[PDB]
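S.K.: What follows is a single structure, and I will ask about it in a moment.
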There are 2 protein chains.
Amino acid sequence: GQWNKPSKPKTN
Amino acid sequence: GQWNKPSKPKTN
RNA sequence: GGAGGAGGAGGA
RNA sequence: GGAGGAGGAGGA
């Protein structure tokens with residue numbers, strides 16, 4: 001995991 | 001250095 | 001949190 | 001670029 005990790009919600 | 005590193009232009 | 005830089009809109 | 005998560009607006 002990184003931040004919001006590849007849990008890409010907005011998916012930046 | 002990190003990205004734009006503590007070269008904080010805006011300094012997000 | 002620096003190991004990415006992918007990205008700066010967080011900063012550290 | 002994953003080790004931070006600080007931050008997700010990049011994603012990798």
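Going through the structure tokens in order, the chains are called A, B, and so on, while each chain numbers its residues from 1 and the ligands are numbered from 1 in the order shown.
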Can you work out which residues from chain B touch chain D at a cut-off of 12 Å (counting only C-alpha atoms (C1' of nucleotides)) and hand them back as a list in words?

M.R.: residues 2, 3, 4, 11 and 12 of chain B
